Each structure stands twice: as C-alpha cells, then as structure tokens.
C-alpha cells in the first residue's frame, strides 16, 4: 500500500504543529516571563502526545519491508521519538528542569568589580567585553569566578536529573544512551573514531600555538601569573570558556607592529550598524546567486539587544518557522569584527532554511548537524581575508608583507585550530555522563581533567567537586549538542577549498592565488555548488550531500592543515628561536575544600 499519501499529509501537519511550538519558543526567548515559559512548555507537551499517537499509527505501515527508500527513510526518522518517548509525567518534569537551567544562564548578573553597587552587568554586553579587553589578571579572575558560580554551580541538581531523563529517553528509543543518540545524527558507526583521528593529525599544530601564546602571556603578565610548562590560566585567553583566543591578539600576535587585521575599530569609526552588517551579509549570498533574505526576516528579526529592562536569551540564533519565507534571527549584535562573522554564521543557517523549504518537513533540516553550522562560516572565511576587507574599504592601505600573512593565518588559528579541542571536550564530557562512565562524586573534575588533557587550559582559581562548572557554557545549560561545531570547523574548510577552486581564486600549483586569500564573493559556480548541497536537506545521508558539493564523500583534515601550513612551519622555527616550551604538566586546580578559618 502507499503511505506516500500518509507521510505527505503527516509532514504537512507536523510542520503546521511545529510552527505553533516555534512561536512560543521564540516569544519566550525574546522575553523571559513565567507565562511565556508556561505556554512554551505547554505546546511541547501537546506536540509530544501527538507524536506518541502518530508513532503508534505507523505500526499500520510495515516500512521495515517497503520498496523505495526516502519513504522508507521518512518513517525511520519520524518514528525516532526523542524526549517525546518519555511518559507524560517525565517529559513534563524534563521540560521544567530544562527550563530551569536555560533561564538561570540567561538571568545571570554580577556586580561591577570597581562598584559593588551596580550588580546589573550581564554576560553578553558587559562581561564579555571585560574578559575581552581587561589586562588585569585579578579583575578577569573576579569576573571568571563570579560568572561560573552563578551559571554552573547553582544548577548542578537540575543538570543531574537532566542526564537521568536524557538517558531514560534514549533507552526508550533503542539507543544505548543520550550519547549514542546524538552520534546517530551522523549516520556512521565509526564517526567518533574518524574525529579522534583527525584531532590527532592537527594536535601537533595545536601544540605550537599553545606554547607560543603561553610564551607571550607569560612574557606580558609575568612568571608569577603565567608559568612555563604549566597549563594556561583561562580568564587570560580573552574568552569566558577559552574556546577562541583572537581577542588577545593585541598582546600575543607575532606582528602587532605589522598591520593587524582588526577591522573592528575601523567599523566603529565608519558608523557601521547592525542593520548595515546584515545587509552586507545579505549581499554575499545574492552575489553567489544564492537566495536573498525575505520580507518577514527584516520585519520579524531582532538584530539589536532590546533596550527595556526585560530578560531574554541573547545567545545568537536563527529560526525556521516551517512555512514559506518566515525565517528570523535574534541577535544582540554589536559592531565588532567577531560579530560580523557571527551575522554571516547565522545567515548561513537562514540560507539553508530557504534552500530546503520545498522539502517534506521531516527532511527540512541539515544533512548531518555539522553542515548547518558550516555554511555561514565559509563565507566568513572569505570576509576575513585582506582581499575582501580592502575591497569593501575596511582596510585602507595594506601590504601583504609576508609577516603580515603570518598574522592573517595566526589570527585565524586562535578561532579555528584552538576551537577543535574545546568542542571535542564539550561532548566527550557529556558523552561520558550519558554513558555511566563517571561517578557523580567526580562530575566536576572529569570536566576539568578533560579540559586539561585536550586543551592545556585550567581555571583561574582552584575548584572542587563542590563546584559544577560545565553549565557556564550556554550549550550545556540549553541542552544543545556541541559536536556539530567540531565537525563544522573541519569540513567548512573542505567547502571553502572547493568553492575557491570552482571560483577562479585558488590554484594549488602556482602562488599569487593562496588559499588564505580567496574571496568567492560574487562567485556563481560557488553558490551553484552550495545550491546542489543545501537544497537536499536531510533527504539523503550526508556523504551524498557533500558529493553534490564537490564529488567527494569523506570528511577529512585535508583542508585546515593545508590552509595553516605556512603558519605551522613559521612556528616550529619561532618556538626554537625563543626557546618555547611545548606540552604541559597535569593541572592542580581540581581538588576539594580547604579553608583557613579556625
């Protein structure tokens, strides 16, 4: 019998019913009120029951024996019930606990280090600016400590029941745990190992940047503050979680003398605005014959932090309302070079949305979560190059010295190479929890030992099992899988390298056309490749989506390394010239107790 009629009917409903859920999720996250929180959870509970019933109806159709896939593909996916598999009581309890951590994160406020009266400083604007600009280790320590105690510790209990229900829901779907359930999204039994492999190839590179940054930081802050051979004290790497270090390029770039690609201040001087930035981002896509932003986007998107005293979630995000042309972004945008990439990052999501609207709801997602987080980053890479920044006048007079090129790759290494091990630890940690590998009595150290092993970083002050820091990371609090980023930072280079080749910008043979300097801006063959891939949306396992992009079907490290080759070689020499220590000894920042009040 034909269920193509069934599925078509059903997807159309799901897309209708998810629309409702999406408007409540979006109202909440634009204005955190209990009422909005209640409506939001209400809708999901409702949707959850529909799914349960929709799931039992499919027992009618024995698709495990059907003929054509796609159809046979839509059932395997529509019957994979996530948290909705949980009985009524638990699903609701999960939503509550899930709401608790999300709003706790977003509602954090600390008191200004030099004015204990204020206490209205928030993470997005204020704190992120301090961690990023201050050069007083004691002040960055203050803000580190103040933020991790509120954002992580305060929500340890909820986080524990979250893992419990997460696990419960995963066994309810025939998965080993929540861990193996996330991995399933990549449809490949050897995925984790492929990633463990690639990380190994780039690690050596990671351990040359590490010792170097540590060299300057220690030269700048001093021996007493940063020690040689020891892991790098966070709070000093310019990022609350140390996932990216570009913010401290003013003190660790090898050539601050040679032009620094810091368009950030030339932006502010030119009166750049959030709106202008989105429009610039709209341009790149249309330049590539990609789809232009629809009218609902400019009408509904929130692109600047609301000015009232209301609470909201401001960790940038893009929304697919599952209709036709109703896509919106919510960003607390600021005029700075990092935010500029972010806009593009977000538009990468929007693009994908538009690219697969026609697809049956079930397939309206990304081929492999990795693909979703990479689109917009590929354009960002182009925008970051001297070529494209001069072309738009955000870099007046610039000379490609040679040692100016080193900066152009080094400033990129702090966000792209450096990130690889951070994102890997994020899920390795949550995987070890989902799997019963760790004892609740060691939950907070496993996280730090893990930040130690892979990143060589440690907290500003001693923490203990009394604290719980993992939740200080938005995604841990909001339950958002993180492996998608690791995969993105790898393959986004695979995309970029092919785009530039299809575009007349990259030639491996001769020079004058180096990978780190193509712009693909205005490239039609590029957007073309980007259309064959995006338009598919989950309709096929990812090896097929990629193959639609460049004929290849494998994920590899042959992209970042080739891109950062000139940097890697420049460092080895430099590290011997300065006698720079490589590698680090285990950390002494995870313990338990100890006070001097007798």
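Residue numbers count along the first chain shown, from 1.
K.L.:
On mean C-alpha B-factor from the PDB entry, just flag whether 279-287 or 399-407 is the higher one.
P.N.:
According to the entry, 399-407 carries the higher average C-alpha B-factor.
K.L.:
Looking only at CA atoms, which has the higher mean B factor in the entry: 462-470 or 146-154?
P.N.:
The recorded data point to 462-470.
K.L.:
Reading the B-factor column of the entry, which of 139, 247, 512, 373 has the highest value at its C-alpha atom?
P.N.:
Out of 139, 247, 512, 373, the record gives the largest C-alpha B-factor to 512.
K.L.:
From 72, 214, 428, 364, can you pick the one with the highest C-alpha B factor in the entry?
P.N.:
Top of the list by C-alpha B-factor: 72.
K.L.:
Would the CA B-factor of residue 50 place it in the lowest, middle or highest third of its chain?
P.N.:
It belongs to the lowest third of the chain when residues are ordered by C-alpha B-factor.
K.L.:
What third of its chain, lowest, middle or highest, does the C-alpha temperature factor of residue 541 fall into?
P.N.:
Middle third.
K.L.:
Please place residue 255 in the lowest, middle or highest third of its chain according to the CA B-factor in the PDB entry.
P.N.:
It belongs to the highest third of the chain when residues are ordered by C-alpha B-factor.
K.L.:
Thinking about Cα B factors across the chain, which third does residue 263 belong to?
P.N.:
Answer is highest: the recorded C-alpha B-factor places it there.
K.L.:
How does the C-alpha B factor of residue 318 compare with the rest of the chain: lowest, middle or highest third?
P.N.:
Within its chain, residue 318 is a lowest-third residue by C-alpha B-factor, going by the deposited values.
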